[PDB]
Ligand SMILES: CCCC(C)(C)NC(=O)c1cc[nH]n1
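This document starts with one chain, in the form solved without the named molecule, laid out as C-alpha cells.
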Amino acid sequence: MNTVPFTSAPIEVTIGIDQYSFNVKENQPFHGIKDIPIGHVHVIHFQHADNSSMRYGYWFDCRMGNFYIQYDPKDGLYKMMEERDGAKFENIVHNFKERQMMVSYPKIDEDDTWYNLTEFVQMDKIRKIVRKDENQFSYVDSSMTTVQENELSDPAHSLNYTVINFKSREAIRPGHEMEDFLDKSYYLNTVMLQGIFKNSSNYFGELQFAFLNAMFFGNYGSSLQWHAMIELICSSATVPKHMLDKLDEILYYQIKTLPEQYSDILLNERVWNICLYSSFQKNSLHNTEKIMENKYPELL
C-alpha cells in the first residue's frame, strides 16, 4: 500500500482517486489518501467547489516514486510533487496522527473495476501522450487540446494522441479509395497496429486512457479520440478475433462505469449506432450492446 499525502487543503474541492471521489471543505484538516495498492497506474483529480471550471489532475504510478500534493496559492491549484528522500517521506507517512486525517483508498475485494478500466494503460505511454519529461507524473485538464485538434495552440500543453483521420492519405491507399474508406482494415491492421502501435495492447491502452480523460476531466478531444479508435475497429471487416472479444469487454466496463447523467455529453449517438447496428462488427460486441440497450436506450 502507498500513500499520497497532502500538505493541506486550503480550498474546498472535490477529489477523485481512480474511480472514487469525496469532498474536502475549505481548510478542513485533510492530509491525504492512505492504502492505495502500488498498482501499475492511478489518477488523482480535482474540481474546485467555488469554480467548477477546470477539472484537472495527475496520472501516476507509485512504483516510480513518492508523490504528494501541495496547494500553490499563486497558481491556485493542487500540485503534485515528488519526494526523492524516501526516508523523510516514510517518516511523514509513518505518522499515526497524520494517518488519522487521511482517507483510505476504499477498494471492495469483489471490485476489479479500476483494473478492467486500465488493464492496457501504462505510465510510460501516458508520458509520451503528455510530454513533460522532468516529472514522473502527468498533468491533464479539461481544456487541453489534442495535437490533431491543433492541426484543424501551445504544443507543450497538448495531448499527443495518435492522429486518426479517416479522410487522409495515411488512411487511404491511392488506387484503393472506395475499398479503404468503406473497409478500414488496411488502416487498422497495417498502418495502426503493425506500423504505429506495434500490438493491440498498446492500441487498447491509448483507447482506455482517452476514455478516462474524457470521463474524469470532461476533455473533449479525448472523447473524440476514444470514439475514433472504436469506430476504426468497428469499420474494419478484418480484425483479429482476440481483439474483437477484448474490445467487447473493454467497452462494457467503460459503459458500466459512465455516470448515468453524463450520457448526452460523453456518448456520440452517430458512432455508437454505427458500431452496434451497422458496422462490420455489429455482432461482435454482444455484451456492450446489451448494456447500452438496457442502460441508455434513448441514445439508440
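Only residues modelled in both forms are compared. The first residue of the shown sequence is 1; numbering continues from there. Whichever C-alpha set is largest while still superposing within 1.5 Å between the two forms counts as the rigid core.
In this entry, residue 152 and residue 153 are separated by 4 to 9 residues of the deposited sequence that lack coordinates. Mean CA B-factor, 154-162 versus 195-203: the higher value falls on 154-162. Looking at mean Cα B-factors across 278-286 and 8-16, the upper value is held by 278-286. Ranking 61, 50, 231, 248 by Cα temperature factor from the entry places 50 first. Out of 190, 222, 113, 136, the entry records its largest CA B-factor for 113. Split the chain's modelled residues into thirds by C-alpha temperature factor. Residue 145 is in the lowest one. In the PDB entry, residue 179 places in the middle third of its chain by CA B-factor. Per the deposited record, the Cα B-factor of residue 256 falls in the middle third when ranked against the other modelled residues of its chain. The entry lists a Cα temperature factor for residue 238 that places it in the middle third of the chain's modelled residues.
In this PDB entry, the Cα temperature factor of residue 273 sits in the top third of its chain's modelled residues, the highest group.
Omitted from view is the form solved in complex with the named molecule, to which the following refers.
Residue contact check for residue 191: none of its heavy atoms lie within 4.5 Å of the named molecule in the entry with it bound. In the entry with it bound, the named molecule sits within 4.5 Å of a heavy atom of residue 100.
Residues of 162-184 placing a heavy atom within 4.5 Å of the named molecule in the entry with it bound: none. With the core held fixed by superposition, the comparison between the shown form and the other one singles out 98 as the only member of 83, 141, 98, 112 whose CA moves by at least 2 angstroms.
Expansion of the residue 99-residue 59 CA spacing by 3 Å or more is recorded in the entry with it bound, set against this form. An increase of at least 3 Å in the separation of the C-alpha atoms of residue 98 and residue 13 is found in the entry with it bound, compared with the displayed form.
After superposition on the rigid core, only one stretch of three or more consecutive residues whose Cα atoms move by at least 2 Å between the shown form and the other one is found, at 96-99.
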